Every structure is written in C-alpha cells, then in structure tokens.
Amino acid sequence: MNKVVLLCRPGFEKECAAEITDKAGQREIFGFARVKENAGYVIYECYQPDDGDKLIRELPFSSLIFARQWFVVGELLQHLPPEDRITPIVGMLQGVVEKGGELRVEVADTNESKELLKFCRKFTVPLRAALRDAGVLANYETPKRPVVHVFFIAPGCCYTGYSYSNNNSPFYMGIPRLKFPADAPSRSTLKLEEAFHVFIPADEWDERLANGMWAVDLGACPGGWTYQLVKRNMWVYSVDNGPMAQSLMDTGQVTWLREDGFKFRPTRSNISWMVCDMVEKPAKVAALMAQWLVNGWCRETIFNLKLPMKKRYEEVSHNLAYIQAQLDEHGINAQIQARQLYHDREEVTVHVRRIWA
C-alpha cells in the first residue's frame, strides 16, 4: 500500500501536503499529494507500492504539525450498496490486517460530512462485529494492535487501512472529545485542554500535570488557560493587566500579577509549567518562549503561535527553528512538538519539555 491519508483542518490541505511531501522526502520516501481545497484531508501517494507502511512506521507522527491523524489505505471503494454494506469492506481488509486492536470509522471534518459522520459512528457497531467474525479485528480490544480505519469520503465511498497505535493519534478523527465547562471564563480553555491530551500521554498526566505544581499563565485574562491549570490542582500565577474571573480567584489557587506577560520575570525558581496564548507576532512569542526555556524559568511549556497568511508551514517551521537555535547555543536539551489542534484556527500550539542533566 502506497497511499497515506492525513486528516487536517479544512482549508489547510496545502500546508498538510507540503509538510508530508517535505518530511517523507527527507527519508527518500518519495511521492506526491494532490490538494483538494477544503476537503479536510490529503492523500500522500508514495511512488513505491509498499512505502505507505514504511512511512507510517518510520516517520514519527509527533513530528507532523498539520496532520491531526494519519493511516495507510488501499484502493477506493465506490458505490457501497445499502443491501450489501459489510462484505465489500470485509473483503478489502481481509489479509491486510489480522487481529487488529480497534476500529474507527471516520470522515473528513467538514460541515458537508456531518450527516455522514452520524452514519459512521453508528455503522461502527455492526461493522466491528463483522470484522471480528472475519478475523480482521481481535474479538477483544487491544491497545497495542494496529487501529483499523474505514474512511468515508462520501456516502458509499470509503478507503480502508490502518495505523500503528504507537505512532498515530489516539483520538477519533484525531480530535479529543471535549465538553466546554460552563464555569470556565473563556472558550480558549479548550485549546489548552486539547493540548494536554495531544501532547502528554494519558498515563503520565498525574506525574507531569501534577497536583501542587506551580504554573505561570502569561496574558491570562480572563482565565481560560488558568482554569485548566487550576483543574489539575496547580497553583497559578496569572499574569495580565486585565482582571481574572472571580470564580478562579475564589479557588485560592490563583495569584493575579497585574503586569504585561511579555515583561514579566519570575523570581520563583520552582515553576513547573508556563503557558502562553498571547496574540502577538509569532517571531516575538517564540523569542519570549525561548527566554523562559534557556533561563530555566519553567520545565515544560505550552504556547500558541499565530500563522501568517502565506507560506504558513515554512514560517512556523522557522519560528520553531529560532527556539531550537537558542536551545543549541546554550547546550539545552529539550523535546519540541507542535500541532494545529482542532481548537486552533489560524494558529498552531507548541509543547516544549526541557531536560536537566
């Protein structure tokens, strides 16, 4: 199989396609991706017939900025008959995947596929039973076996394939299922919450997003990001000229520092987390983040970078390169990930974890 589907935000197919062509090309996994504007997915078609599997094994999924999820697929099934929906799909997967671990029947994240999405979510149940009977899925769900994907691009038209559970998104359509809490002071809270899910493995939350950690929230007003930190039972310095929501102040976990987040300097030396959702030029945000990391003012950070109008993949890769240049100059070891989150529009969210020897 040579085709790899990557799910993306509709309207970002060109970025998604440019990035995968670049990073696959770096590994001599040559191929091309067409770009259907607003389709909400990209298919990278490898030149070599089994490079699809090689790509999704060897290229780290965490290194892709503009893909929410990916999976390798076979040929397109068209005209699935309503009286015969099971056999053609079983036939596509037989001998492609055996004893797979989980089934996801997904669509592109467009308004047009909204009715198709409801069909897919329901079709999952009887299809899962049939694939289990056919031996394509293990009778019991297993986290370490591959995820089987059935991907509907239109009614009666689907791809079938898989992804490896240690090199993919753990979430349906690459989108963590989140409900906005009514007592949160802003909807932006979902950006940070989704970031925690995307960037920090679930079995590491209690250790890395820990009760009692100190955090700093730059440009915090009125408190959407501070809210997520408070819910992890952290103590937060919320830094802004604007006021913090009273609901947060009443928890007794929040200290409001009335300052510009760009000018703020911590005196406290045991800050675990710094987060930043400040609307400013990405080159300038990136420099502030690099200051915090190089000076060891925080151990981990999550922050947003606004995308420009054009050359978005190039420019955000350059922002990231600036931060890396600063880290290298000072011999600092850190892991950087970035992802255009579901709750991100014309921006990407970055996570950096700094290491001390």
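In case it trips you up, residue 1 is the first one in the sequence shown, and so on.
**Q** What stretch has the higher average Cα B-factor here, 244 to 252 or 180 to 188?
**A** Looking at the record's C-alpha B-factors, the answer is 180 to 188.
**Q** Mean C-alpha B factor from the entry: is it higher for 323 to 331 or for 55 to 63?
**A** The stretch with the larger average C-alpha B-factor is 323 to 331.
**Q** What's the residue among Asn168, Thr124, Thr226, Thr142 with the greatest CA temperature factor in the PDB record?
**A** Within the set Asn168, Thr124, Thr226, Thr142, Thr142 shows the top C-alpha B-factor.
**Q** Per the PDB entry, which option out of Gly174, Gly161, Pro266, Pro201 has the greatest Cα B factor?
**A** It is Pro266.
**Q** By the recorded C-alpha temperature factor, relative to the other modelled residues in its chain, which third is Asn38 in?
**A** Within its chain, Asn38 is a middle-third residue by C-alpha B-factor, going by the deposited values.
**Q** Ranked by Cα temperature factor within the chain, is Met289 in the lowest third, the middle third or the highest third?
**A** CA B-factor rank for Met289: middle third.
**Q** Sorting by Cα B-factor within the chain, modelled residues only, which third would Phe151 end up in: lowest, middle or highest?
**A** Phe151: CA B-factor falls in the lowest third of its chain.
**Q** State the tercile, meaning the lowest, middle or highest third, of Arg339 with respect to the CA B-factors recorded for its chain.
**A** CA B-factor rank for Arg339: middle third.
**Q** Using only modelled residues of the chain, where does the Cα B factor of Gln26 rank: lowest third, middle third or highest third?
**A** For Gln26, the deposited C-alpha B-factor lands in the highest third.
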